[PDB]
Amino acid sequence: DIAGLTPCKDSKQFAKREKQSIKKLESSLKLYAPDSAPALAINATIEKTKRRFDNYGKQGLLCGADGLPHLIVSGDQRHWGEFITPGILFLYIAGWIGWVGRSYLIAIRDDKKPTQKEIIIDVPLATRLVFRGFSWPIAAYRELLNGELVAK
Amino acid sequence: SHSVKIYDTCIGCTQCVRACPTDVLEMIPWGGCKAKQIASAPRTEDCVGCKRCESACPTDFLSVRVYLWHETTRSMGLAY
Amino acid sequence: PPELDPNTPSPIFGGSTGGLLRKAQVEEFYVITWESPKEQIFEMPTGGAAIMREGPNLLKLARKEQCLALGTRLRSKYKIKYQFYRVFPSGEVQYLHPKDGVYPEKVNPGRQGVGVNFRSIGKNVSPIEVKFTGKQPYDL
Amino acid sequence: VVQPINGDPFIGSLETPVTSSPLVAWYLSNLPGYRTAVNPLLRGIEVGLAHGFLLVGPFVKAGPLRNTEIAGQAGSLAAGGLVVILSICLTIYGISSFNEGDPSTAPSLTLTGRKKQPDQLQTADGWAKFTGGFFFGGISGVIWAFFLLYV
Amino acid sequence: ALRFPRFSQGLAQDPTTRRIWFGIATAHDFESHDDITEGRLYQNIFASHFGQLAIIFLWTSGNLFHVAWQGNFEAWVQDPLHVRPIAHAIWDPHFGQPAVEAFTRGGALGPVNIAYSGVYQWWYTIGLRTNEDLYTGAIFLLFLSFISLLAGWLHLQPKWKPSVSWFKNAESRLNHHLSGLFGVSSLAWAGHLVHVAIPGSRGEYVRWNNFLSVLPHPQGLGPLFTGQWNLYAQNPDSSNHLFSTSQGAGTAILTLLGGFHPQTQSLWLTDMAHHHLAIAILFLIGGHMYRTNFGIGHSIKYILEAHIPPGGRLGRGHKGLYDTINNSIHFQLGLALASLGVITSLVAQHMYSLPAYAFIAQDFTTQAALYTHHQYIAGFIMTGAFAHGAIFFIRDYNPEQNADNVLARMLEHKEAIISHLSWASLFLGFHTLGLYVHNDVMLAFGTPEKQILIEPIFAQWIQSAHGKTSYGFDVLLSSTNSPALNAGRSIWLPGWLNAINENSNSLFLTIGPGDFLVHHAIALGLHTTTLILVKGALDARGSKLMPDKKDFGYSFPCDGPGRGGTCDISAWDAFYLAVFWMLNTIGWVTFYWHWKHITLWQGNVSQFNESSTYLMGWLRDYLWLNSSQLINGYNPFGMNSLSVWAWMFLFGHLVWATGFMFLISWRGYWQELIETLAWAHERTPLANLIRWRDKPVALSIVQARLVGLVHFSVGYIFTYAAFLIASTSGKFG
Amino acid sequence: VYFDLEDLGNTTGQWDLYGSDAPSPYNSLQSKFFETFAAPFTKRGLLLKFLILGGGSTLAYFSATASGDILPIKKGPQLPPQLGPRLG
Amino acid sequence: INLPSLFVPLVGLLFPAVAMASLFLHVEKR
Ligand code: CLA
Ligand code: CLA
Ligand code: CLA
Ligand code: CLA
Ligand code: CLA
Ligand code: CLA
Ligand code: CLA
Ligand SMILES: CC1=C(/C=C/C(C)=C/C=C/C(C)=C/C=C/C=C(C)/C=C/C=C(C)/C=C/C2=C(C)CCCC2(C)C)C(C)(C)CCC1
Ligand code: SF4
């Protein structure tokens with residue numbers, strides 16, 4: 001497959017790793033009575049371990065000789081969940097934070113003593129700007145097109 | 001000996017003369033600023049180069065400048 | 001006309017390890033004088049407390065900066081006036097401060113400018129323009 | 001008890017029972033290095049005698065052959081070797097410090113303040129004769145300890 | 001101007017110990033001596049180069065001499081894979097008998113050091129066979145050392161002193177260096193490979209006494225002059241050739257085979273002969289570009305002046321740059337150091353992966369020392385390249401004669417440049433460290449399958465384009481019908497495809513997630529180190545915190561505690577800061593090289609592929625695992641030949657840690673302390689008699705930064721070299 | 001009054017602390033022995049030639065003839081040497 | 001051994017001592 005890898009759902013070392021992991025937890029599980037709180041807890045970890053390994057197999061993750069998932073970030077369309085997609089989400093949120101942050105410095109920049117709203121948040125003003133971030137791509141592109149985004 | 005120089009942006013506020021720990025500087029009459037005085041550095045052989053004077057100076061871009069230079073037992077501040 | 005230098009008494013001091021060393025015998029040293037209205041404890045610039053005598057007061061010191069530091073403290077705390085001198089190993093004395101009888105903080109006629117450049121600092125030439133001359137940009 | 005040095009409270013020192021006591025001032029004024037009017041050559045001979053004799057001890061008893069039969073001879077050679085190198089330090093110290101015409105840089109006054117002739121140890125020839133005595137004294141002092149210990 | 005620093009009365013008149021220190025430290029900064037001229041500046045440099053050549057020749061001469069006199073070269077050349085090569089004898093009277101035994105190795109009759117420099121493989125590959133061969137080589141280099149001193153002395157005599165105008169004849173020096181220094185030397189070196197080295201590899205013995213009567217090729221020069229050049233490639237060595245024997249020996253002198261001699265695991269001599277001949281032709285043609293005395297050729301100044309984009313996006317382009325460069329020696333040395341730094345890394349990268357020397361590929365410790373030695377040399381050289389860029393900006397840069405040109409325009413937008421390096425460094429640091437820390441936590445929590453393990457797909461795709469099949473990408477030379485594959489099938493591709501797909505050499509090693517992470521660590525180091533250095537150079541003339549900085553020169557302690565504080569504000573301090581970052585970067589690259597190779601050599605790359613994706617893996621499975629033989633070079637039970645490296649290993653830790661003192665505690669603390677020692681000395685009887693001639697003073701602010709940096713760097717290098725050599729040689733990979 | 005321009009030596013305290021000008025208290029004939037036997041070593045220029053060359057030659061002799069009973073480095077290796085890690 | 005026992009003490013004891021003594025006198029001269 002890509003980069004000589006094989007799907008984690010077909011990988012023997014991946015399956016071995018799940019098995020060695022559950023066996024590790026079962027060595028601790030056998031210390032405690034089956035109704036006990038530690039037994040329930042170790043069992044909860046075990047089920048979560050099983051959910052995790054089946055989930056990685058069903059999502060299409062490729063595995064190396066090590067039996068571990070390896071991410072494909074090249075652009076390949078079978079692996080957009082490994083970089084492109086969470087990355088678009090990161091840039092959307094990161095731009096939201098920065099656009100809101102700039103909105104607040106601009107809103108207070110002509111105030112009397114501007115550093116006063118920088119050490120003591122004007123929370124009412126901020127609740128009014130916090131949702132400007134939802135549309136930062138359109139707002140930032142618009143301030144660009146009409147000389148408002150960068151100074152000369 | 002260190003070099004000390006005064007530039008004509010000096011407003012004659014005297015703050016460097018008061019800061020100086022070895023009396024390098026003095027005020028002299030001048031017609032160039034409202035205070036009608038400017039600093040001067042006639043005793044730089046006693047100058048140690050602490051730059052207390054630059055710390056004192058109010059002008060955007062120092063009117064008094066200290067250029068550390070050849071060391072002597074006076075500039076090095078040695079008592080031995 | 002600079003002040004004189006006799007053999008006035010020194011403050012009351014038990015001695016310390018902070019005083020003159022071989023430099024005084026071989027290079028130079030300094031003496032500060034002053035007149036106090038009364039006996040009083042003050043701090044020696046070399047560490048510890050001494051008692052100055054009323055009237056004349058002579059004090060030998062190793063450095064010029066020690067003199068000015070003590071003298072700066074005499075004007076501020078004790079409101080007394082002071083002078084000091086540089087003494088060479090040949091006995092030659094040299095008056096130092098206040099130079100022209102006037103403390104350098106206050107303008108005084110007769111003083112000539114030393115080191116004054118009649119331009120703003122940012123107008124110094126680039127080092128390349130004074131290379132292979134013996135000058136720095138701040139010397140022109 | 002603790003007085004200013006020679007009554008001057010502005011000299012950088014003190015006069016304590018360690019610096020100037022009747023027994024201290026006597027023993028220090030009796031060492032060959034404080035015999036200001038005696039021959040510097042004979043000072044160095046006593047100095048070299050005392051030191052070269054002292055140096056035999058640590059070299060022999062702690063050297064790399066301390067537990068062998070070649071012990072006394074090696075540390076003694078190492079002791080004389082230390083005297084040889086020290087005599088070069090004493091020599092170059094004089095060549096750099098004192099010139100062939102300079103007067104003694106020693107104090108010309110006394111504790112009471114009277115004028116005496118400075119210690120000619122602090123001169124070019126006075127140093128040259130002192131280090132010459134140290135070298136002769138140090139070699140024979142190494143041998144004298146080597147004589148008493150393993151002969 | 002009457003004592004020690006004869007070139008600086010300013011320092012000669014310093015009454016303190018500072019005079020001696022700075023006299024030493026400034027002796028080679030000619031520009032800052034009393035009454036230097038432009039002429040004297042060039043002349044001193046010129047003679048100083050002859051002295052540097054003399055030392056280089058002298059040094060090589062001793063290496064030859066010591067191998068011939070005390071080494072086992074003649075036994076090594078008869079069995080190169082079973083003889084540890086000897087550097088020189090050791091004679092140390094501090095040794096105990098167990099140290100004398102442990103260090104007696106090779107075929108030697110006494111304690112010796114084993115050579116990790118690779119000179120045996122080098123000298124053997126190029127034809128040296130006998131201790132005599134080595135002796136006359138050493139004598140010849142001794143002669144060259146002497147001649148270099150004769151010319152150095154000569155050209156400092158008034159009759160032979162060259163004029164400034166001669167040192168600035170750029171067009172003539174380039175023509176001569178390209179065609180002659182580079183070209184003819186390469187052509188001549190191919191002549192040596194053809195006449196001596198290649199016959200040596202085929203079990204013949206060609207020396208000055210017989211080389212006139214033996215043909216390098218049975219057809220003589222006939223094929224050369226008739227154009228029938230293929231004849232010289234005709235009958236190449238067999239892939240079963242045994243080096244230094246006639247077994248399977250051919251007669252070709254110029255080939256293009258690619259890949260490796262299968263027994264020696266190094267490049268074919270007939271390939272290297274062809275390479276030096278080919279590039280020679282290119283240098284010889286290229287050295288005819290510039291105008292000299294004959295009415296043809298280019299003016300470099302005119303070429304620069306012509307290269308200005310119509311449209312103005314580079315302002316005045318390159319106008320003025322000829323004299324900016326030709327009149328500034330720091331500009332010239334900056335370009336020299338920058339270029340030499342790139343190619344020193346190239347040497348390190350290419351020599352480990354395409355070794356030229358027979359039986360060096362299997363001398364694992366040598367390959368480790370050689371790669372590490374050049375990457376550290378390259379790092380230092382790169383920092384000097386920017387440091388002299390800074391010095392150029394202060395001493396030599398003329399704003400008015402560079403007005404609006406590409407160089408001035410760099411100063412105009414320094415904030416853009418610096419803040420983007422800052423951004424790139426911040427991006428790489430947050431994410432590279434963030435990713436390693438995530439993986440560590442996943443390992444900590446017993447969930448390694450939750451690591452982030454990004455495949456280096458772009459580089460793997462490049463390896464596949466080169467013909468490596470490991471990844472299934474099937475591109476270009478990995479394809480079956482690419483025109484690229486078809487064009488080279490008949491020539492170098494059979495030997496190349498073979499080498500690149502052999503996974504037990506070092507040609508294009510297989511890479512996975514571990515190689516991804518540390519390459520971004522490396523990009524972090526390159527970006528941050530250049531940030532320090534570019535910011536240092538571009539602010540050298542001035543910043544808003546110190547707009548007149550150019551008036552203070554390259555190195556000054558600071559500008560005092562006013563305006564908020566100004567410690568470490570000079571361009572010299574930016575260099576000083578960058579050295580830590582360069583040492584960091586090369587550390588990362590050399591750790592990586594070594595750990596990738598030691599697990600290769602040991603036969604389990606998987607130890608690296610798995611333990612390298614988190615940082616506990618590096619600490620435990622690289623540093624801690626590989627220290628066990630080294631720290632036992634001596635123990636309560638005895639010692640062995642690893643004793644030196646165990647001692648140097650700790651020595652390196654000690655020098656490094658002592659550096660921290662000069663770096664963390666600053667001057668004023670120490671000046672006051674020294675004063676109480678001045679007092680104590682003048683009040684101690686007997687010792688009163690002795691007096692210093694130089695007043696004791698604490699070191700200077702800048703001085704301490706340097707002394708600390710030097711301690712730090714020295715211990716850095718000695719610690720890692722001791723570890724590198726001991727860990728690799730204690731097992732041979 | 002510890003200040004005096006005519007006696008700058010006392011003002012700065014240039015006193016001999018323990019220097020005694022008492023005459024030589026030595027065996028005066030031993031003096032004639034020490035003054036004539038230790039005499040050739042009293043020229044610093046010649047003594048430096050002597051200590052440098054005499055020590056250099058002596059150091060060279062002792063090191064050139066040092067027996068194996070003293071120096072392990074001259075005694076040499078006695079055990080048979082062990083091979084290298086890769087049959088080296 | 002017949003030459004190392006000569007040059008090792010010469011370059012490691014004599015030469016540095018002669019060099020250190022030489023440089024001490026040049027740096028201290030006036
Ligand atoms: C309004 C917030 C804001 C915005 C829009 C930016 C924007 C930028 N910064 Mg800056 N920065 C900020 C805050 C901000 N910064 C703060 C608080 C610091 C101090 C830690 C810095 C320190 C910093 C450095 C050191 C560098 C940048 C750089 C940059 C540029 C590249 C992106 C980058 O490196 O991000 C980097 C962001 C950070 C390092 C930290 C900022 C993240 C904080 C959490 C966001 C602000 C939160 C703020 C409290 C919101 C309150 C609003 C509320 C009242 C409504 C870009 C112009 C780089 C540059 O110049 O490239 C050209 C660069 O080198 N910034
Ligand atoms: C053919 C004529 C000729 C030749 C041969 C040279 C040769 C040289 N000149 Mg030049 N020069 C010439 C004409 C010539 N010049 C003319 C006409 C002028 C006046 C216009 C000058 C003016 C001049 C100046 C002013 C200076 C020189 C200098 C030098 C030396 C540079 C230092 C050095 O060794 O580089 C060696 C470089 C090479 C061998 C080229 C290789 C470089 C690559 C990067 C290395 C390749 C490494 C390779 C892989 C090695 C394998 C590994 C190895 C272990 C085997 C070199 C000897 C400098 C010097 O040192 O003066 C003493 C100097 O300051 N020249
Ligand atoms: C072609 C190579 C080359 C050349 C010709 C120069 C030439 C010059 N450089 Mg430059 N430089 C270079 C490479 C070069 N450099 C490199 C590679 C770097 C990176 C380190 C630098 C970094 C650099 C800086 C930061 C500075 C210079 C300066 C100078 C000038 C004078 C240097 C001086 O007097 O120091 C003379 C130095 C000595 C006589 C002794 C120095 C000893 C060093 C510091 C420590 C050695 C440690 C050693 C390994 C100890 C081993 C211990 C043992 C146990 C192993 C001169 C113009 C200085 C200058 O004047 O510019 C204005 C300056 O400040 N350069
Ligand atoms: C667990 C998830 C995770 C976490 C915790 C972080 C944490 C961080 N990232 Mg990262 N990143 C991630 C996932 C993550 N990243 C993914 C999946 C991607 C792929 C898209 C990236 C791509 C990425 C970039 C390209 C950058 C970061 C940056 C940052 C830092 C500040 C970002 C920020 O919001 O400041 C608050 C926001 C601001 C201060 C505004 C300025 C910064 C944002 C990113 C500008 C976005 C708009 C702009 C048009 C898009 C970039 C254009 C181009 C360069 C791509 C911070 C250390 C920034 C950084 O390293 O700065 C030095 C940065 O530039 N990250
Ligand atoms: C391991 C030690 C270490 C670390 C982590 C750094 C880190 C950094 N150095 Mg530094 N440096 C060091 C040693 C180190 N240095 C040494 C020994 C020297 C020699 C004096 C220097 C000299 C130096 C200079 C001169 C320069 C740097 C620069 C940088 C930045 C590089 C860009 C980067 O990675 O951005 C990413 C930032 C980091 C990796 C810093 C850590 C981020 C943390 C982990 C995030 C914390 C999040 C968490 C919520 C915090 C909770 C804490 C709690 C108490 C509230 C970064 C801040 C350059 C710079 O500023 O570039 C912009 C620069 O110019 N350094
Ligand atoms: C690199 C040069 C070098 C060389 C060749 C030596 C050589 C030696 N060292 Mg060493 N050493 C060196 C550097 C060197 N050192 C440095 C840099 C240090 C400081 C870290 C030391 C610290 C050191 C210690 C602490 C000791 C040695 C000792 C020894 C001796 C051990 C041999 C033995 O067992 O006999 C032992 C031999 C004797 C006890 C007597 C030998 C008599 C000598 C050879 C006569 C010298 C005569 C001559 C006038 C000396 C002046 C020469 C002058 C002109 C330069 C041997 C002579 C040991 C030693 O000599 O014991 C005292 C010892 O204890 N070394
Ligand atoms: C070129 C550098 C070089 C280096 C680093 C060494 C290193 C060494 N030699 Mg060797 N040697 C060399 C060249 C060199 N050799 C040459 C060219 C000759 C033939 C003339 C010799 C002949 C020789 C003998 C006969 C012996 C050594 C020995 C030694 C070892 C102890 C040091 C010693 O006694 O030096 C001896 C040094 C000389 C005899 C001087 C010749 C070397 C040149 C002329 C001086 C180099 C000056 C130097 C580069 C200054 C540069 C700094 C400058 C910028 C200020 C040591 C491993 C000894 C040994 O094997 O120990 C076991 C030993 O017995 N050497
Ligand atoms: C500051 C300053 C300075 C400095 C600078 C520096 C230091 C720089 C560096 C720089 C550098 C360090 C850079 C580098 C670069 C590189 C490059 C530019 C490369 C390129 C490459 C290429 C292009 C390639 C390609 C290819 C491939 C990849 C494959 C094969 C084919 C080919 C070959 C095509 C100076 C002196 C100027 C002066 C002024 C100031
Ligand atoms: S401080 Fe600046 S302005 Fe005030 S007097 Fe001195 S120089 Fe003139």
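All chains are named by letter (A, B, ...) in the order of the sequence lines, taking the proteins before the strands, and each is independently numbered beginning at 1. Hydrogens, waters and symmetry mates play no part in the numbers below; they use all other heavy atoms, side chains included.
Exactly one of E:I86, E:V77, E:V83 qualifies for a side chain to side chain contact (heavy atoms under 4.5 Å, CB included) with E:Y120. That residue is E:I86. Among E:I532, E:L337, E:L533, the single residue meeting the side chain to side chain contact (heavy atoms under 4.5 Å, CB included) criterion with E:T383 is E:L533.
With a 6.0 Å radius and a threshold of 12 heavy atoms from other residues, nucleotides or ligands, E:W21 has its CH2 atom at or below the threshold. Few gaps surround CG on E:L623; more than 12 heavy atoms of other groups in view lie less than 6.0 Å from it.
A donor atom on one side chain and an acceptor atom on the other are found under 3.5 Å apart for E:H594 and E:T728. In summary, the side chains of E:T372 and E:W593 do not present any donor paired with an acceptor at a separation below 3.5 Å, with no hydrogens or angles considered.
The aromatic rings of E:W595 and E:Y622 sit parallel to each other, their planes meeting at less than 30°, with 60° as the upper class boundary. Between E:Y592 and E:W618, the ring-plane angle classifies as perpendicular under the 30° and 60° cut-offs. Taking the six-membered ring where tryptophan is involved, the planes of E:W76 and E:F359 are perpendicular, since the angle between them exceeds 60° and thus also 30°. Using cut-offs of 30° and 60° for the angle between ring planes, the E:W656 and E:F712 rings count as tilted.
The two residues E:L630 and E:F723 come nearest to each other via the heavy atoms CD2-CA, 3.8 Å. Looking at every heavy atom in both residues, E:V655 comes nearest to E:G715 through CG1-N, 3.7 Å. Scanning both residues, E:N72 and E:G106, for their nearest heavy atoms gives ND2-CA, 3.9 Å. Taking all atoms of both residues into account, the shortest heavy-atom contact from E:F260 to E:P355 is CE2-CD, 4.0 Å. Residues E:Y116 and E:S729 approach most closely at OH-CB, 3.3 Å, considering heavy atoms. E:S713 and E:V579 make their closest contact through OG-CG1, 4.0 Å (heavy atoms, listed as atom of the first residue, atom of the second, distance).
Checked against the 6.0 Å centroid criterion, the rings of E:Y720 and E:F591 qualify as a close aromatic pair. Between E:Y352 and E:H597, the ring center distance clears the sub-6.0 Å criterion.
Within the 3.5 Å criterion, the main-chain N or O of F:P81 finds no donor-acceptor partner in the side chain of E:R105. E:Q607 places no side-chain N or O within donor-acceptor distance of the main-chain N or O of E:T599, the cut-off being under 3.5 Å. Counting only distance, with no hydrogens or angles, the side chain of E:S628 and the backbone of E:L625 share a donor-acceptor pair below 3.5 Å. Judged by distance alone, with hydrogens and angles left aside, the side-chain atoms of E:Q367 form no donor-acceptor pair with the main-chain N or O of E:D363 at under 3.5 Å.
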Give the C-alpha distance, both sets of side-chain angles, the deciding distance and a yes or no for side chain to side chain donor-acceptor pair (under 3.5 Å) between E:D621 and E:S611.
CA-CA 7 Å; E:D621 303 333; E:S611 288; 2.5 Å; yes

Mind running side-chain contact (heavy atoms from CB on, under 4.5 Å) on E:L141 and E:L64 for me, showing each step along the way?
CA-CA 9 Å; E:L141 292 175; E:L64 284 166; 3.6 Å; yes

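To the nearest 0.5 Å, the span separating OG1 on E:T264 from OH on E:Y124 amounts to 8.5 Å.
In this structure, E:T366 and E:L370 have side chains that are in contact, with non-hydrogen atoms separated by less than 4.5 Å.
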